[PDB]
Amino acid sequence: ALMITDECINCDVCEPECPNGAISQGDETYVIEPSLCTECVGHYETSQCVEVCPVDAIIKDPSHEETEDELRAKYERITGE
Ligand code: SF4
Ligand code: SF4
């Protein structure tokens with residue numbers, strides 16, 4: 001999973017880009033819900049929030065380090081099939 005750091009400028013642009021609805025506005029920055037963040041695996045070749053963030057505030061979350069198989073498994077859980 002990714003996470004949004006303290007560099008977030010609360011610009012809103014990443015929220016509509018997430019295929020899983022993992023991003024929402026928090027207290028002081030936007031926040032990724034890790035159980036919904038597949039790092040876009042299953043939907044896109046790369047993370048869509050990272051592509052749009054203007055200040056590079058979105059990084060790997062080391063407390064939710066996931067393999068590709070885990071991220072694809074999470075995509076399958078979220079979307080069914
Ligand atoms: S990496 Fe993909 S799944 Fe994770 S929060 Fe960003 S847009 Fe959503
Ligand atoms: S795109 Fe980047 S700066 Fe804008 S709300 Fe999302 S994480 Fe924060």
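The first residue in the sequence is number 1, and the count goes up from there. Note that ligands are numbered from 1 as they come in the structure, with each ligand's atoms numbered from 1 the same way. Worth knowing before you read on, the calculation uses all heavy atoms, side chains too, and leaves out hydrogens, waters and symmetry mates.
- In this structure, the side chain of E70 engages the main chain of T67 through a donor-acceptor pair within 3.5 Å.
- Taking a cut-off of under 4.0 Å to the non-hydrogen atoms of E39, the atoms of ligand 1 that pass are 1 (S), 2 (Fe), 3 (S), 4 (Fe).
- Contacts of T38 with ligand 1, taken as heavy-atom pairs under 4.0 Å, involve both backbone and side chain.
- Panel note: side chain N10, backbone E28; a donor-acceptor pair is recorded below 3.5 Å.
- Of all atoms in ligand 1, numbered sequentially from 1 with element shown, those under 4.0 Å from a heavy atom of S47 are 1 (S), 6 (Fe).
- When each atom of ligand 2 is checked for a heavy atom of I4 under 4.0 Å away, the hits are 7 (S).
- Counting all heavy atoms, side chain and backbone alike, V52 lies closest to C14 at CG2-CA, 3.8 Å.
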Under the side-chain contact (heavy atoms from CB on, under 4.5 Å) criterion, do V31 and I23 qualify, and how do the steps go? CA-CA 6 Å; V31 304; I23 297 176; over 6 Å; no
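- Residue contact annotation: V52 has no non-hydrogen atom under 4.0 Å from ligand 2.
- Of all the atoms in ligand 1, the ones that sit under 4.0 Å from a non-hydrogen atom of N20 are 3 (S).
- Listed by atom number, the atoms of ligand 1 under 4.0 Å from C37 heavy atoms are 1 (S), 3 (S), 4 (Fe), 5 (S).
- Coordination check, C49 versus atom 6 (Fe) of ligand 1: passed, since an N/O/S atom of the residue sits under 2.8 Å.
- Surrounding CD of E65 are at most 12 heavy atoms belonging to other residues, nucleotides or ligands under 6.0 Å away.
- Among protein heavy atoms, atom 4 (Fe) of ligand 2 sits closest to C11 SG, 2.2 Å.
- Both the backbone and the side chain of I9 come within contact range of ligand 2, each with a heavy atom under 4.0 Å.
- Taking the charged nitrogens against the carboxylate oxygens, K74 and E66 do have a contact shorter than 4.0 Å, which makes a salt bridge.
- A donor-acceptor distance shorter than 3.5 angstrom exists from the side chain of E39 to the backbone of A1, with no hydrogens or angles considered.
- The contact set between ligand 1 and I32, taken as ligand atoms under 4.0 Å from a residue heavy atom, comprises 5 (S).
- In summary, the atoms of ligand 2 found under 4.0 Å from a heavy atom of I58, numbered by their order in the structure, are 7 (S).
- Listed for the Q48 side chain is a donor-acceptor partner under 3.5 Å among the backbone atoms of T46.
- Considering only non-hydrogen protein atoms, atom 2 (Fe) of ligand 2 sits nearest to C53 SG, 2.3 Å.
- Of all atoms in ligand 1, numbered sequentially from 1 with element shown, those under 4.0 Å from a heavy atom of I23 are 5 (S).
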side-chain contact (heavy atoms from CB on, under 4.5 Å) between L36 and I78, intermediate numbers included: CA-CA 7 Å; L36 290 171; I78 291 164; 4.0 Å; yes
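- The two residues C37 and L2 come nearest to each other via the heavy atoms SG-N, 3.4 Å.
- Under the 3.5 Å distance criterion, the side-chain polar atoms of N20 are left unmatched by any main-chain donor or acceptor of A22.
- Close approach of ligand 2 to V13 (heavy-atom distance below 4.0 Å) involves ligand atoms 1 (S).
- Within ligand 1, counting atoms from 1 as listed, the ones closer than 4.0 Å to a heavy atom of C18 are 3 (S), 5 (S), 7 (S), 8 (Fe).
- Of all protein heavy atoms, the one lying nearest to atom 6 (Fe) of ligand 2 is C14 SG, 2.2 Å.
- Annotation for ligand 2: atoms under 4.0 Å from non-hydrogen atoms of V55 are 3 (S).
- Distance from atom 8 (Fe) of ligand 2 to its nearest protein heavy atom, with residue and atom name: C8 SG, 2.3 Å.
- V50 is connected to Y30 through a chain of hydrophobic side-chain contacts under 4.5 Å among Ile, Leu, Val, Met, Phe, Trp and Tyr, so both are in one cluster.
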